[PDB]
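The next block holds one structure in the form of structure tokens; read it before the comments.
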Amino acid sequence: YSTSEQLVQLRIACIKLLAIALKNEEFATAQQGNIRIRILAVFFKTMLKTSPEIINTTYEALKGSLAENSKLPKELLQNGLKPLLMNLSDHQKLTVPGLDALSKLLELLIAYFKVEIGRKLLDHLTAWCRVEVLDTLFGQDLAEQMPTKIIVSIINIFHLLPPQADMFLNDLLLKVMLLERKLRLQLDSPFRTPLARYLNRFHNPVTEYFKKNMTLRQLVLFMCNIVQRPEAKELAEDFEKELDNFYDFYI
């Protein structure tokens, strides 16, 4: 815990200077070409470290480092996410930092434009909604438990999933509300702010969905609590042009 702490600080100092050492043109680039590829290899290896205070400055270093474009992604992108999308495959017993790294990585959208991350990871959202998994909650509380933290982290990446069209508008919040009843939890959640992050993204399918299914009092009541929180901004100002349709539907 002394060599561990100083190991962390030394390691992030190194990761700090590799991007600054990439920043000078015709010294980093002109040195044999394939050195900055081989430093992006050590970044993409150090996006599976189990301490967050390395991961945050690897991303904060890498987005400024890769702010200049790279002609890299046909050697290292098969290596840079093989254990990580192996950790996105249904291991079924995932971790907390394995998702926290994935939110930082797949923000950066190249060469994975398929959407089956929500398929296998929605299957994680169904299989962490079994009977025996929710059986161990049942007396001991919310977020501090393990399935609450990993389900919250499962939900908090649909924000940064790419914004092509939702196959995951209906069934996702139907299973979220079905969890809201199957843990009889109301007035707040461990997961509404991640689901508010998902809700602050589309606004054309979801206000139409909030025109279609309006007699469900739990859905309307659920959508009220999302809007009040300051993370929600243009659903807060997007229902405000919809007050004159609510009258016509309910009247």
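Ligands are numbered from 1 in the order shown, chains are lettered A, B, ... in the order of the structure tokens, and residues start at 1 in each chain.
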
Any idea what's packed within 10 Å of residue 191 of chain A, counting only C-alpha atoms, ignoring anything in its chain fewer than 4 positions away? Could you give it as a count of residues only? 13

Which polymer residues have any atom within 12 Å of an atom of residue 136 of chain A, counting only C-alpha atoms, with same-chain residues fewer than 6 positions away left out, as an mmCIF file with N, CA and C atoms, in the first residue's frame?
```
data_model
loop_
_atom_site.group_PDB
_atom_site.id
_atom_site.type_symbol
_atom_site.label_atom_id
_atom_site.label_comp_id
_atom_site.auth_asym_id
_atom_site.auth_seq_id
_atom_site.Cartn_x
_atom_site.Cartn_y
_atom_site.Cartn_z
ATOM 1 N N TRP A 128 -29.165 -10.827 -14.380
ATOM 2 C CA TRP A 128 -29.072 -10.250 -13.050
ATOM 3 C C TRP A 128 -30.432 -9.778 -12.567
ATOM 4 N N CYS A 129 -31.498 -10.242 -13.216
ATOM 5 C CA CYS A 129 -32.876 -10.126 -12.759
ATOM 6 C C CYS A 129 -33.523 -11.498 -12.630
ATOM 7 N N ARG A 130 -32.808 -12.442 -12.038
ATOM 8 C CA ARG A 130 -33.358 -13.766 -11.821
ATOM 9 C C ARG A 130 -34.045 -13.803 -10.460
ATOM 10 N N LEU A 142 -30.268 -1.475 -0.488
ATOM 11 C CA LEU A 142 -29.948 -1.016 -1.831
ATOM 12 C C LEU A 142 -28.462 -0.710 -1.947
ATOM 13 N N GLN A 145 -25.007 -3.244 -2.160
ATOM 14 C CA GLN A 145 -24.856 -4.623 -2.589
ATOM 15 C C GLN A 145 -24.204 -4.692 -3.965
ATOM 16 N N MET A 146 -23.759 -5.887 -4.313
ATOM 17 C CA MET A 146 -23.070 -6.140 -5.574
ATOM 18 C C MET A 146 -23.982 -6.083 -6.811
ATOM 19 N N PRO A 147 -25.173 -6.734 -6.857
ATOM 20 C CA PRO A 147 -25.984 -6.627 -8.081
ATOM 21 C C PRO A 147 -26.529 -5.241 -8.336
ATOM 22 N N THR A 148 -26.707 -4.424 -7.302
ATOM 23 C CA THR A 148 -27.142 -3.050 -7.513
ATOM 24 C C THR A 148 -26.059 -2.231 -8.202
ATOM 25 N N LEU A 183 -38.490 -5.254 -6.651
ATOM 26 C CA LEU A 183 -37.895 -4.900 -5.372
ATOM 27 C C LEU A 183 -38.738 -3.870 -4.644
#
```

Skipping near chain neighbours, those fewer than 3 positions away, what residues fall within 12 Å of residue 8 of chain A using only C-alpha atoms, listed as a PyMOL selection string? chain A and resi 1-5+11-16+46+49-55+57-58

Pick out the residues sitting within 7 Å of segment 229-242 of chain A, and hand them over as number ranges by chain; count only C-alpha atoms, and ignore anything fewer than 4 positions along from it in its own chain. A: 196, 200, 203, 246

Could you pull the residues within 10 Å of residue 122 of chain A, counting only C-alpha atoms, minus those fewer than 5 positions along the same chain, as a count of residues only? 10

Give me, as a list in words, all polymer residues having an atom no more than 8 Å from residue 124 of chain A, counting only C-alpha atoms and skipping those fewer than 4 positions away in the same chain. residues 90, 92, 120 and 128 of chain A
